[PDB]
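Shown next are two forms of a single protein chain, provided one at a time as structure tokens under the names structure 1 and structure 2.
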Structure 1
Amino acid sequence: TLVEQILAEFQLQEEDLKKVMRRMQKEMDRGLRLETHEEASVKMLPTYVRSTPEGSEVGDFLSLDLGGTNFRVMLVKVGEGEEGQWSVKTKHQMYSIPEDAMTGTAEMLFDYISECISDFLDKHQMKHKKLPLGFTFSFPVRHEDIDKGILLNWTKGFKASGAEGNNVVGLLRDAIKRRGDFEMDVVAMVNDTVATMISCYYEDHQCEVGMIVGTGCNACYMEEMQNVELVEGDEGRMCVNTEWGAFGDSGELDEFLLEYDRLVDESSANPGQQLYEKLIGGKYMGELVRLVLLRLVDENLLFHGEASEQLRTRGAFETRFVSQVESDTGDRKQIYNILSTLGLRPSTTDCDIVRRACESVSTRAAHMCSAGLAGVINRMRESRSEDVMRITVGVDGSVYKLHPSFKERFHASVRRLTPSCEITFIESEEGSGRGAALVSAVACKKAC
């Protein structure tokens, strides 16, 4: 009961979720308007990705993916399909980011990116090939066009100095000039949410929402042009990057924030920023569980009130451990092994408590995430005339894909909050790479 009283703090009633949903909708409306776009916690950044009236280039494309724990370079072949365009990743290489490069300047980081591109083109006999470049940049960008935009600020622990406020495409093109080895036609820069939505659209034309639940958490959707006041025109739709991770940054989530949320935030690389994301993302989930277990040990409710050296160190309870604990069949074998590796010798009840602590944090993440998506979907419903809105949501991220129960708790909670909406959820197959190449193929018809 004492353990259950502490875990009860993570509960969110239907009215709590509807309140989050309504406040998300409010912040989304505020971000789209000129008078409030600047002070808005939910930035609602125009991407310049429009509902295209046909015009795509076919062939091989080079796709870049910067945002995750590592960095990826891939080759994607695009062609004329039934729907419109098919796309397939043919070659790929993952590169790790060094400590001195992540701490170093923007020019140091982008030179390393340019060095990785050289390594890929050399080890694939294509340095002599002038390919259009597609760039998936999983960070908040204020766009001037499809191939132009400034980094607003780093998120998810990134720190490369002299990057914020500068044209990201400009940094990459300058780094390529600084090398002289190869030549790239940097054609498009898209967010990971956008890349995911675009790749899912060719499988289902009803896909007008992109959502990422991985290290970070964010969504994009197709907004009516007349509602995107930060761009000129009233015809068609434009994809808007909500940057919903920053919801709560103006105090919108204060009544829902817990001692563990406050501890994660103070110790993070961005204190006071990405608060909503800090309740959901894989960068923070395992850390939230760690802080809960530590509370239980101080209250003498877990491990006889004794925590290990590893359990008392930041980042030790990895997000994958949350997913592993919740995959346990009931024999406690998976929980025991995780805890033993963390230097603990848990009892049968300690294992059960750790499971409960994991479910409490991951259920809150799924429910909080659902209120956001329901907000986007109901906002889209309002700006349309039909009996039932049938919409497809394109999804990516390890938390949503790999966690044993997140997906289902999330789907059930979204459907509950979205009446007269028929939602289809599709997972992206190489969404970041294919999406960036698909946007690049259309953008090529105008620039290259």
Structure 2
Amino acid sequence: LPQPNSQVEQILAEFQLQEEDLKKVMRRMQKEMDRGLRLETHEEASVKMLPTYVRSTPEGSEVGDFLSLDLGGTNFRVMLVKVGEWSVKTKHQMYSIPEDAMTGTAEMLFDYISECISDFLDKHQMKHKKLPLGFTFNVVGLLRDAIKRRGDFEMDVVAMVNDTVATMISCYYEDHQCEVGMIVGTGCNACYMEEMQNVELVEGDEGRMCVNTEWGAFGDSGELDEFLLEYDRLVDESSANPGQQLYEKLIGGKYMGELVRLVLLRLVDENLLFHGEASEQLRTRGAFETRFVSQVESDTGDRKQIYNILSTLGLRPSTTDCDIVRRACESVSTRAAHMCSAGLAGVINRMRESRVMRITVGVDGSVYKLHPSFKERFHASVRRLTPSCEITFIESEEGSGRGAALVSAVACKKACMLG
């Protein structure tokens, strides 16, 4: 790599977060999680720490057979599942959606889906049962409505679990040390197994329960204020919910490309990029897509991806411009990974207080899966902040559908247990 421009690096260095800063943030996140878990402060807590009612032990044993419905792009999988003593038995059918039903109203699509479910129930002689059904990936309402509209067979569509909870469970299927689920995509959230005695919103002492942190809300009371840059404040001011979800705004894919756009305009204004002239597309809110960040960071060193991204924005960038854009993208990404690791570090250090603790964390989301070096920087930062823990990270892939089927089993059992 070459000798970097000194004035560009001075602007990009603002994004740096040292260990001490991350320790502060992590420590602040832990206080906020404490507030969320306690009865007396839960209603006022910004970080809600929602009990999911997903317990460490088996419940809802009166659930044998259920349907799992995997909703994909242009098709869907209908699956019959039997849980035994657990022994997950499955059989399934892939259906392709006609363009006829793809291009109609949402009602006509779910009419089609119900028809397919009916066919599947006929094939396996199950139409007398009345099974619970869970979704995997107001589709619920659409399906409830479409089933009622049919009125031949009877079915119970259950409430979905949160996506962090689905992530943790499907990963749990492949690794029983998985006790944390995390999403870094358009938003950012995490769930983990908490001791029952810490979950004050549910009476009970024994075992563990999954808690949905909903930690994106963090920042409400100023916990992030000293870490916010001019670009962050601009993104906040122009958002749908200014002053809310400040943690998520520092991390999620929703605002990542926009932060980069603002860093590039700052550099143009300093006459350090594009000769002090920005295009109209670059001055357009939303024009720099988050997907562009990961494309720019994928570049092998030839600058063809960066040049081709920047050319779609009416810019004619020299090789130096391209290198600057790479570095602007890297600073934003790296900061997101640092902020995210402080949240996860807080959770893992808290769990450790009740147990080398060996733990698996299940992770999903476009930012985490698709961004070139994000997961790596994120891993190294989390591990740095979690002494006396050995952390394994896995992405759910479940190449047979059984992790997905377990997600539906748990959701159906919980719906039953809750009435």
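For the two forms, the rigid core is made up of the largest set of C-alpha atoms that agree within 1.5 Å on superposition. Residue 1 is the first residue of structure 1, and the numbers go on in sequence order from there.
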- Task: Have a look at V399, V395, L64, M44 and give me the residue whose C-alpha moves 2 Å or more between the two structures, with the fit done on the rigid core.
- Result: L64
- Task: Determine whether the C-alpha of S114 shifts by 2 Å or more between the two structures once the rigid core is superposed.
- Result: yes
- Message: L172: after superposing the rigid core, is there a C-alpha shift of 2 Å or more between the two structures?
- Response: yes
- Core-aligned C-alpha movement of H92 between the two structures, 2 Å or more: yes
- Supposing the core is put in the same place in both forms, how far has the CA of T329 shifted between the two structures, in Å? 1.1
- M102 CA shift between the two structures in angstrom, with the core used for superposition: 18.6
- Item | Rigid-core-superposed Cα shift at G210 between the two structures, Å | 0.4
